[PDB]
Amino acid sequence: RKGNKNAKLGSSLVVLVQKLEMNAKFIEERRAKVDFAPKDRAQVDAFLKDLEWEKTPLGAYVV
Amino acid sequence: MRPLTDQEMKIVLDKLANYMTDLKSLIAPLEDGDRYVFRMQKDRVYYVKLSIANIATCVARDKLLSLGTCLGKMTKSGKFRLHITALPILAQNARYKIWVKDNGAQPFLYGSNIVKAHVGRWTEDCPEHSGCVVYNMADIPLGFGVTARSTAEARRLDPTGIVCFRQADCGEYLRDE
Amino acid sequence: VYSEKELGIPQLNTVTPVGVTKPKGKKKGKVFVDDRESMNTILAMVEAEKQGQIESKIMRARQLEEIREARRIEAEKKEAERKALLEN
Amino acid sequence: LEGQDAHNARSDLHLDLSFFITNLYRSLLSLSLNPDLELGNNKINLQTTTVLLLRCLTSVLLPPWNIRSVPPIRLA
RNA sequence: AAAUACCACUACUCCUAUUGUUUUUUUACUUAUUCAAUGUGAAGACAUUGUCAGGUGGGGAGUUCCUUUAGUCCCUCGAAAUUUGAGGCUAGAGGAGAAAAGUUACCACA
Numbered sequence: 658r659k663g664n665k666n667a668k669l670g671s672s673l674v675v676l677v678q679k680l681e682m683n684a685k686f687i688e689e690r691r692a693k694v695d696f697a698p699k700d701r702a703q704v705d706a707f708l709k710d711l712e713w714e715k716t717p718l719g720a721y722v723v
Numbered sequence: 001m002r003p004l005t006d007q008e009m010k011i012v013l014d015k016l017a018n019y020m021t022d023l024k025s026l027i028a029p030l031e032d033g034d035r036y037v038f039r040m041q042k043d044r045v046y047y048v049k050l051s052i053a054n055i056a057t058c059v060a061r062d063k064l065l066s067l068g069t070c071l072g073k074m075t076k077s078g079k080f081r082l083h084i085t086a087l088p089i090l091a092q093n094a095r096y097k098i099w100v101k102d103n104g105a106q107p108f109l110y111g112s113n114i115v116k117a118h119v120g121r122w123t124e125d126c127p128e129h130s131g132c133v134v135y136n137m138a139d140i141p142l143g144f145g146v147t148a149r150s151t152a153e154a155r156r157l158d159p160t161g162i163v164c165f166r167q168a169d170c171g172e173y174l175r176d177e
Numbered sequence: 063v064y065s066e067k068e069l070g071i072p073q074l075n076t077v078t079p080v081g082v083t084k085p086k087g088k089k090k091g092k093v094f095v096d097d098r099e100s101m102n103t104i105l106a107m108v109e110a111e112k113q114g115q116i117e118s119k120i121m122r123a124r125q126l127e128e129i130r131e132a133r134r135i136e137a138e139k140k141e142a143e144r145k146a147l148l149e150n
Numbered sequence: 493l494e495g496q497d498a499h500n501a502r503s504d505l506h507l508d509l510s511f512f513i514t515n516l517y518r519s520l521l522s523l524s525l526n527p528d529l530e531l532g555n556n557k558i559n560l561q562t563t564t565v566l567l568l569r570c571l572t573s574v575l576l577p578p579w580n581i582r583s584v585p586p587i588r589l590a
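Protein chains in written order, with the entry's author numbering: chain CY, 658 to 659, 663 to 723; chain CG, 1 to 177; chain CX, 63 to 150; chain CT, 493 to 532, 555 to 590.
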């Protein structure tokens, strides 16, 4: 939108990029407090072990 | 408050370009469609975000005492003097830098000129009357000023010799307390 | 040495125009500079006089050209504002 | 600019590489997404875009001159 | 502070169900609405927009309010219950005009 007129693909890509941005904002929100000292990676090796791939915004969109 | 006039901003930018390297970086628009602006309240100029200024207009003139970072003041004769409050911007985008050891860093805070017996690092090819921000050995911005000689003359200079003219230092925070 | 502002020296018309003068000891309208375009124009000018002499001709041409570009953008912004406030 | 005479001429000749550094920094993402990267004594005429990128990165971060004076902001 | 037996009342806090009202958030869809075209498509209940109440106004046009004092224990407004604080009344004291001006047992230079 300055190409073709393919609005269905336009809308689908807009929705996909929206979901990508939302999921990026989600991880960073839960990232803040994760001590990643170079000699201590316990928290990062745990990150979200206790979540399943329908909870993330991309998981919801993909399902 | 009131925005700066053309001649006033010309003077302020002259001093800021005397001390700094890039200024379109300062006046560049940001990610959220916001930019930094210049405002004058009681012959003081304040570097502040446009959103903060537009939300600060609700305050009556007699009741606004500060806004953003105070760069300096316009004097009665119409000249701009920069401040230790404006030091952080200078550290961010400084043109010339001078590192001082502890033996001169403490005197600089007490309010003394920088000496060759104090200098610990130079910036190569510094002209005579240029803009140099004074840091310590820990890369902590300590002040700013104008240097006395060039790099070659400073090297050839007596170690008990003036290399920088003090103009502002962090000790004034111990004053306005 | 005494200042020409201290002395009541009338303005003289040269190649540089005098322009519309204003009465002495009266209200001179403050033209507020707040637009990014005018800021760019002033900032580019200040950098030009600060850098000064450059050996390369293309360097000189590009410095003058960026000043010219800033002035054109500033003038275009003012013309757009004028049209906006005149029609709408 | 890493030429010796040009290196000493630097300040006097007013040679600033800020435009090139900024252009490289801005183009890094598009280069990362470019799939044509690995489709390929000399110092310049190198056939691989990845090799050119590596040379630019070496110039910006690990320079022959003033290696330990590089701005930490640029490095990071 | 308040004292328990006896029997009378209403005061809140936490749960439940249906024989019901509203308000808010998320999501879904077009009819409110936004954009493009002429001899119909996309977006979308958010925007944008409108109206009243204010805050500010060193910019534009026109012209030449609070604070202190004393009193009646006179009214309102808050607040604690057995009293206060803030306004209100009466008349003294403070605050040509964005050009600049006045001032100092201070500072630097002459």
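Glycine is no exception: its CB is placed at the ideal position from the N, C-alpha and C atoms.
Short Cβ contact (9 Å threshold) for residue i with residue j
{"i": "CG/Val100", "j": "CG/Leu142", "result": "yes"}
{"i": "CG/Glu128", "j": "CG/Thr147", "result": "yes"}
{"i": "CG/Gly131", "j": "CG/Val119", "result": "no"}
{"i": "CX/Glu117", "j": "CT/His506", "result": "yes"}
{"i": "CX/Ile129", "j": "CX/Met101", "result": "no"}
{"i": "CX/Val77", "j": "CG/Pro3", "result": "no"}
{"i": "CG/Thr21", "j": "CG/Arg95", "result": "yes"}
{"i": "CG/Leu87", "j": "CG/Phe144", "result": "yes"}
{"i": "CG/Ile84", "j": "CG/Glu172", "result": "yes"}
{"i": "CG/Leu82", "j": "CG/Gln167", "result": "yes"}
{"i": "CG/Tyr46", "j": "CG/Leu26", "result": "no"}
{"i": "CG/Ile89", "j": "CG/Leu16", "result": "yes"}
{"i": "CT/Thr562", "j": "CT/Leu529", "result": "yes"}
{"i": "CT/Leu566", "j": "CT/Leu575", "result": "no"}
{"i": "CG/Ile162", "j": "CG/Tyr135", "result": "no"}
{"i": "CY/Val694", "j": "CY/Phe707", "result": "yes"}
{"i": "CT/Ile513", "j": "CT/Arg588", "result": "yes"}
{"i": "CG/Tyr19", "j": "CG/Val133", "result": "yes"}
{"i": "CG/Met1", "j": "CG/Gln41", "result": "yes"}
{"i": "CG/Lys24", "j": "CX/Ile104", "result": "no"}
First and last residue of the uninterrupted beta strand (DSSP E) at residue i
{"i": "CG/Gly143", "result": "141-147"}
{"i": "CG/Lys49", "result": "44-49"}
{"i": "CG/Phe80", "result": "80-82"}
{"i": "CG/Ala168", "result": "162-169"}
{"i": "CY/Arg658", "result": "Looking at the DSSP string, CY/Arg658 is not in any beta strand (DSSP E), and its letter there is neither H nor E."}
{"i": "CG/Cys132", "result": "131-135"}
{"i": "CG/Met20", "result": "Counting along the chain, CG/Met20 falls outside any beta strand (DSSP E), and DSSP gives it neither H nor E."}
{"i": "CG/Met40", "result": "36-40"}
Chain CX contact for residue i (CB, 9 Å cutoff)
{"i": "CT/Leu505", "result": "yes"}
{"i": "CG/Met9", "result": "yes"}
{"i": "CG/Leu174", "result": "no"}
{"i": "CG/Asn54", "result": "no"}
{"i": "CG/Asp34", "result": "no"}
{"i": "CG/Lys42", "result": "no"}
{"i": "CG/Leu64", "result": "no"}
{"i": "CG/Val37", "result": "yes"}
Contact with chain CG by residue i, beta-carbon distance below 9 Å
{"i": "CX/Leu148", "result": "no"}
{"i": "CX/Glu127", "result": "no"}
{"i": "CT/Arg502", "result": "yes"}
{"i": "CX/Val80", "result": "no"}
{"i": "CX/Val77", "result": "no"}
{"i": "residue 229 of chain CX", "result": "With chain CX covering 63 to 150 only, the question about residue 229 of chain CX has no answer from this structure."}
{"i": "CX/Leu69", "result": "no"}
{"i": "residue 159 of chain CX", "result": "Residue numbering for chain CX in the displayed model covers 63 to 150; residue 159 of chain CX lies beyond these limits and cannot be assessed."}
Chain CT within 9 Å of residue i, Cβ atoms only
{"i": "CG/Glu128", "result": "no"}
{"i": "CX/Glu117", "result": "yes"}
{"i": "CX/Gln113", "result": "yes"}
{"i": "CX/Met121", "result": "yes"}
{"i": "CG/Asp125", "result": "yes"}
For residue i, the first and last residue of its enclosing alpha helix (DSSP H)
{"i": "CG/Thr69", "result": "Where CG/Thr69 is concerned, there is no enclosing alpha helix (DSSP H), although the beta strand (DSSP E) it sits in stretches over 69-74."}
{"i": "CG/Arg175", "result": "172-175"}
{"i": "CX/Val93", "result": "Element bounds for CX/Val93: n/a, residue is neither H nor E."}
{"i": "CT/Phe511", "result": "510-525"}
{"i": "CX/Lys140", "result": "119-149"}
{"i": "CX/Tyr64", "result": "From DSSP, CX/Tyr64 is part of no alpha helix (DSSP H); its letter is neither H nor E."}
{"i": "CG/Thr151", "result": "151-156"}
{"i": "CT/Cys570", "result": "563-575"}
Every unbroken alpha helix (DSSP H) inside the segment 97-128 of chain CG [4 residues or more]: 102-110
contact_flag[the segment 120-135 of chain CX, the segment 52-60 of chain CG] where n(CB pairs < 8 Å) is 3 or more: no
Meets three-Cβ-pair contact criterion under 8 Å: the segment 55-70 of chain CG and the segment 151-166 of chain CG: no
Cβ pair count under 8 Å reaching 3, the segment 23-41 of chain CG against the segment 512-521 of chain CT: no
Touch test, the segment 707-721 of chain CY against the segment 666-682 of chain CY, Cβ-Cβ under 8 Å, three pairs minimum: yes
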